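Notes follow once the structure below has been shown.
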There are 4 protein chains.
Amino acid sequence: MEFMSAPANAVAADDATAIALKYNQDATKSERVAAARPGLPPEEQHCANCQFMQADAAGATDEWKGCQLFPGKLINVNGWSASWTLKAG
Amino acid sequence: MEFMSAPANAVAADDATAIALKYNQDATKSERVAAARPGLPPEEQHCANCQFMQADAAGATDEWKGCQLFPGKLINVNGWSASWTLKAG
Amino acid sequence: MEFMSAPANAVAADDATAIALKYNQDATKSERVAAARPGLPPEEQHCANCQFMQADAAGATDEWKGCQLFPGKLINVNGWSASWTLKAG
Amino acid sequence: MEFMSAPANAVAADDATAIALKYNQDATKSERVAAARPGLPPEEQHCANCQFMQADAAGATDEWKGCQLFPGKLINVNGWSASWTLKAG
Ligand code: SF4
Ligand code: SF4
Ligand code: SF4
Ligand code: SF4
């Protein structure tokens with residue numbers, strides 16, 4: 001595989017929105033256990049299985065995808081935020 | 001009936017999760033018609049017969065119930081969202 | 001990952017102990033609100049933040065852990081029983 | 001100039017160590033801006049001016065050098081990783 005470029009509009013650690021929504025690009029380092037959102041055990045929760053992850057957003061790759069709660073941005077498929085909600089598959 | 005107080009955690013219209021899920025407290029003013037989700041004729045679709053409705057959520061009353069897609073929140077039994085799926089059993 | 005699948009010794013709904021101790025593997029469906037045990041808001045209480053949860057137990061996973069009040073069995077990190085107690089440390 | 005021979009042991013995108021280090025062989029496609037590591041503006045950071053680049057590594061050339069954090073591998077002088085540190089001297 002070729003290296004996966006990091007989008008200029010990916011949510012960053014230094015963004016007020018990320019701080020507000022407790023988003024972390026790496027779910028393993030997130031507060032998912034402390035949040036204890038309902039749906040899946042906490043350590044299985046990440047953007048890849050969240051209701052708001054948008055696979056068809058401008059600039060999306062299999063590593064970077066959109067989120068309906070972060071307009072005009074891109075989150076990491078391995079991330080997590082406190083709005084994590086199991087996708088109604 | 002008596003004037004029933006609206007729960008402090010009822011899903012509000014200007015909540016980003018609500019906007020993304022296309023939830024309307026009133027099914028009769030919702031996108032159920034245009035969406036024509038499978039299961040039942042659109043005019044019959046509301047949270048009361050949705051699979052994700054949680055009748056025994058904390059604080060639920062005969063008018064406000066929980067929803068798997070709105071952790072910690074309460075929705076109206078006569079509401080609807082783009083996630084509506086006919087309840088089985 | 002795989003679907004929710006309780007290991008061999010997961011406390012079961014028709015286990016006399018479970019019934020006696022008011023345990024439910026899903027805290028959002030338990031009597032935590034009615035019981036209103038002291039320490040934290042009832043809706044914030046679950047096995048993961050209970051003093052009796054034991055991280056080091058046979059067959060334990062990120063989702064299933066031991067509980068000192070259920071010797072030899074496993075409970076869900078998202079569960080709750082009427083013995084929920086503050087996590088001292 | 002003649003074509004720059006690539007090494008078979010170049011760090012590759014699907015190497016767990018590369019992923020963990022946030023390495024990208026093309027720094028302009030990396031997370032350096034988001035990382036905002038100290039010493040130089042993000043846009044000026046690459047392996048060529050990193051403290052850990054190892055010029056005297058087996059098979060190292062004009063374009064590929066070693067890195068203390070990647071034993072037995074070679075990085076691209078134009079690359080970058082989240083361990084970038086301005087070289088002193
Ligand atoms: S809302 Fe879902 S998709 Fe968006 S950042 Fe949070 S966990 Fe990821
Ligand atoms: S998912 Fe079902 S219960 Fe929840 S808001 Fe939508 S229609 Fe109502
Ligand atoms: S005592 Fe604590 S760990 Fe054990 S079942 Fe009850 S709430 Fe869970
Ligand atoms: S540590 Fe320095 S030399 Fe090694 S990959 Fe990172 S930036 Fe390049």
Side-chain angles (χ1 to χ4, degrees), chain A residues 27 32-46 49 51 84-89, chain B residues 49-60 65-74 85-89, chain C:
Chain A
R32 58 187 180 179
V33 170
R37 305 278 296 180
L40 246 45
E43 306 187 70
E44 276 197 17
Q45 301 171 15
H46 58 168
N49 57 24
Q51 177 61 39
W84 184 89
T85 301
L86 193 48
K87 63 191 305 173
Chain B
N49 50 42
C50 178
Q51 181 65 251
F52 307 126
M53 192 267 254
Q54 298 182 169
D56 296 348
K65 295 302 198 325
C67 167
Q68 291 183 60
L69 295 174
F70 284 118
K73 297 295 194 173
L74 253 33
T85 299
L86 194 61
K87 191 186 170 69
Chain C
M1 76 172 96
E2 53 283 291
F3 307 75
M4 242 74 115
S5 62
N9 53 348
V11 171
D14 38 30
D15 269 342
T17 47
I19 302 168
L21 300 175
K22 299 305 184 306
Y23 168 78
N24 191 305
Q25 65 176 43
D26 185 332
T28 71
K29 290 175 178 174
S30 63
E31 313 183 331
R32 66 176 174 187
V33 169
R37 298 269 303 174
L40 290 170
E43 310 164 59
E44 301 291 331
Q45 308 172 180
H46 67 289
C47 295
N49 57 21
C50 179
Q51 169 72 21
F52 303 123
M53 186 268 283
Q54 182 167 305
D56 0 57
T61 72
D62 64 306
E63 170 173 29
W64 303 96
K65 321 279 197 184
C67 165
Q68 300 184 81
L69 307 191
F70 283 108
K73 311 290 285 298
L74 295 174
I75 48 78
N76 202 92
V77 296
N78 278 329
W80 181 95
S81 79
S83 291
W84 186 87
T85 297
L86 282 161
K87 184 62 156 194

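Because only heavy atoms are used, hydrogens play no part in the values below, and waters and symmetry mates are left out as well, while side chains stay in. Letters A, B, ... mirror the listed sequences (proteins, then strands); counts begin at 1.
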Donor-acceptor under 3.5 Å ([X] side chain, [Y] main chain):
X	Y	value
C:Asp15	C:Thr17	no
A:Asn49	A:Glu44	yes
A:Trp84	A:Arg37	no
C:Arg32	C:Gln45	yes

Residues which pass side chain to side chain contact (heavy atoms under 4.5 Å, CB included) with C:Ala82, listed by chain and number, not counting sequence neighbours = C:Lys22, C:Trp80
Verdict with reasoning, C:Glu63 to C:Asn76, per side-chain contact (heavy atoms from CB on, under 4.5 Å) | CA-CA 6 Å; C:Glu63 170 173 29; C:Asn76 202 92; 3.1 Å; yes
Starting at [atom1] of [X], measure out to [atom2] of [Y] and round the result to the nearest 0.5 Å.
X	Y	atom1	atom2	result
C:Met4	A:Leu40	CE	CG	5.5 Å
C:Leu21	C:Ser81	CG	OG	6.0 Å
C:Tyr23	C:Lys73	OH	NZ	9.5 Å
C:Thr85	C:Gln51	OG1	CD	7.5 Å

Shortest non-hydrogen contact from [X] to [Y]?
X	Y	result
B:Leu69	A:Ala88	CD1-CB, 3.9 Å
C:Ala27	C:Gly79	CB-O, 3.5 Å
A:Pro41	C:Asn78	CA-ND2, 3.9 Å
C:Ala13	C:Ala18	O-CB, 4.4 Å
B:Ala60	B:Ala55	CB-O, 3.5 Å
C:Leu74	C:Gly59	CD1-O, 3.5 Å

Start with the C-alpha gap between C:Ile75 and C:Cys47, add the side-chain angles, then the distance that decides, and say whether side-chain contact (heavy atoms from CB on, under 4.5 Å) holds.
-> CA-CA 8 Å; C:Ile75 48 78; C:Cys47 295; 3.5 Å; yes
Please lay out, stage by stage, how C:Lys65 and C:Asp56 fare under the test salt bridge (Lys or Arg N to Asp or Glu O under 4.0 Å).
-> CA-CA 7 Å; C:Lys65 321 279 197 184; C:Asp56 0 57; over 6 Å; no
Would the C:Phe52 and C:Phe70 ring centres measure less than 6.0 Å apart?
-> no
